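The next block holds one structure in the form of structure tokens; read it before the comments.
Nothing in this text is a laboratory measurement; each read-out follows from the coordinates by a stated rule. We place every Cβ from the backbone using ideal geometry, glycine too, and count neighbours over all the protein chains shown.
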Amino acid sequence: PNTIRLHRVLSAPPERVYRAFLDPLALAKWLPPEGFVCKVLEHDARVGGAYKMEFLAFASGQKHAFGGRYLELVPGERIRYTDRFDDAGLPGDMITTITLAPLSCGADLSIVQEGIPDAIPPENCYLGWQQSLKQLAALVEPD
Amino acid sequence: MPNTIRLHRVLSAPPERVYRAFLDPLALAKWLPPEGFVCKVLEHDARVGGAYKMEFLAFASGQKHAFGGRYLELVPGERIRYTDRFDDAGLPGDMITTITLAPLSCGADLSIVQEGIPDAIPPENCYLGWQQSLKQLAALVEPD
Amino acid sequence: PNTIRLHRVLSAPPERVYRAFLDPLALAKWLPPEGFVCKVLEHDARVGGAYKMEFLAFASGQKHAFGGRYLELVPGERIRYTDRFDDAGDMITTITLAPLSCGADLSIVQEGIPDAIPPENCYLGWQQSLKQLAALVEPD
Amino acid sequence: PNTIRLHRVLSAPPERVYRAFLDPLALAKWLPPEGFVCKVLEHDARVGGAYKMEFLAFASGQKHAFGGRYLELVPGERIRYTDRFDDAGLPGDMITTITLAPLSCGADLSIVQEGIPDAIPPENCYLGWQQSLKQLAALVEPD
């Protein structure tokens, strides 16, 4: 497996970025990469709560579902959750942890995903996150 | 002005795909709300005479704005017309927007006209909003 | 089928948008669409004055030179200039600006576009350029 | 001083990306962040060669000149140059090294900038680079 990490400085308070990661309405807009829509099936934001949604390629209809559970939640500071692909051919336990800290300009965002299957090329995960992070910024930075 | 807005864009996507983006609740929730806003679809009956309702929420403040109406006409990959009115009493006025699509070698031609914008809503504000929504629409409909 | 029309509302005062259309440092940054760079050869911004630029596809390096002359220059209100490619028709584009509470109203009309170049491709090119224009002029 | 580090995966070959860091017509387009234009004064792309340019805020016209020397240049793989802004209280210079590696999707880019005066908040540098990098991608990824 492989571990990946990203870092972004955002012009928004950490609490607002934090909410963006848990709010189903926010997630459906910023999480899916370009050309993908997202349907959120379950969003129980509690330690132990279940995560559930699926991405759909808009031009083909190709759907990919995934989900997991929230392992830890520290308001405006930390989110760690598991990810399990319901796709036929990707078993295992992928864990991502989001760390947020305040800055004068807003917030420092750290993301790390461990246990990424060797089948999934790391480069693809970075491309995917880069698109989603750009979308997250457009949503959280205003006002 | 007055109370009217007209938008034209060339999209690198088939007319049918763009058409689909204007009626699919999952697409709409992603591209329709402008920057800093999220969308929640309350009702979505995609057929002539059918009603629909949605609400926009400013993500930073939580401030909500709900609007709704009925579809007047639906021709696959060609046109869509619907009534659009706000629940806010401070924004009285029924809006009529008509979307027209046509094929092109690169993809599709899109024209949008919004009539009846409430007097309390500066038309320039609608242009700023649609310009953001249109950019998001392109990002969704143009790939692959 | 040789005339194109674009309209945009910008969050910047008219005077600043006007300057973006004439400042060579601004033009080199926003005019060339995605994947293109621009070199400004001439920029005599006076009525009767000439401007000359070249767009280069960054990946391939294919060059495209074009130029013309300014016919109208009213600070924050109007710019009109001719435009011709160094490849064998003359075009005239007119930019009109008006103040708005939120900033500026921008109208563009480009006439005489050679039938050789599909209008749809001009719209696509302008859409990319206008997005780049907004990013430069709306700040601060 | 402080050190900044950034990482991006780009859908373009390393040589084209490399080229974007040395071509004056490219730098003038992607290097200056939002609301800024770039004027290139001198651009001698070779070891020991001089580097000189200035960013101008388009709205105010406020100028910011900076320059340096190219210390290392390896086609499609590495670039190392010094950088210093023309400001009092800032006698020392910074060193930034760009490293590229191929990927099937295109290229992996790593940037490291050290020697940033403690007076300059690192977060501001990140925001600046994030904007420059998005412009870089739009330029180099096409075709």
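Taking segment B:64-99, which residues are among the β-branched types (V, I, T) and over 12 Å from the mean Cα position of the chain (by Cα)?
B:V75
When you look at A:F58, is it surrounded by 16 or more Cβ atoms within 10 Å (Cβ to Cβ), farther than 24 Å from A:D118 by Cα and more than 12 Å from the chain's Cα centre (by Cα), yes or no?
Yes, satisfied.
Within segment D:21-42, is there a residue that is among the basic types (K, R) and within 12 Å of the chain's Cα centre (by Cα)?
Yes.
Collect the residues in segment D:87-113 that are closer than 22 Å to D:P32 by Cβ and acidic (D, E), keeping them in residue-number order.
D:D87, D:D93
Restricting to segment B:87-142, count the residues that are within 12 Å of chain C (Cβ to nearest Cβ), among the charged types (D, E, K, R) and assigned to a loop (DSSP other than H, G, I, E, B).
Result for segment B:87-142: 1.
Considering only segment A:108-120, state which residues are more than 28 Å from D:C125 (Cβ to Cβ) and aliphatic (A, V, I, L, M).
Passing the criteria: A:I116, A:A119, A:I120.
Just to verify a result, which residue in segment C:81-107, among those that are surrounded by 18 or more Cβ atoms within 10 Å (Cβ to Cβ) and out of contact with any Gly (no Cβ under 9 Å at 6 or more places or on another chain), is farthest from C:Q127 (Cα to Cα)?
So the residue we want is C:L100.
Go through segment B:65-80 and report how many residues are of a type in the set (F, W, Y) and either loosely packed, with under 14 Cβ neighbours inside 10 Å or closer than 24 Å to B:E16 by Cα (or both).
Qualifying residue count, segment B:65-80: 1.
Tell me the residue from B:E16, B:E35 that is part of a helix (DSSP H, G or I) and under 26 Å from A:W30 (Cα atoms), please.
B:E16
For the structure I just gave you, tell me whether A:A50 is out of contact with any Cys (no Cβ under 9 Å at 6 or more places or on another chain) and surrounded by fewer than 17 Cβ atoms within 10 Å (Cβ to Cβ).
Yes.
Quickly run through segment D:1-32 and pick out the residues that are more than 10 Å from chain C (Cβ to nearest Cβ) and not aliphatic (A, V, I, L, M).
D:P1, D:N2, D:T3, D:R5, D:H7, D:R8, D:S11, D:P14, D:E15, D:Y18, D:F21
What are the residues in segment B:38-86 that are of a type in the set (A, V, I, L, M), within 11 Å of another protein chain (Cβ to nearest Cβ) and not in a strand (DSSP E or B), if any?
Matches in segment B:38-86: B:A60 only.
Condition first: in contact with an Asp or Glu (Cβ under 6 Å, 6 or more places away or on another chain) and polar (S, T, N, Q). Now tell me which residues in segment B:1-55 satisfy that.
Listed by number, the residues that qualify are B:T4, B:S12.
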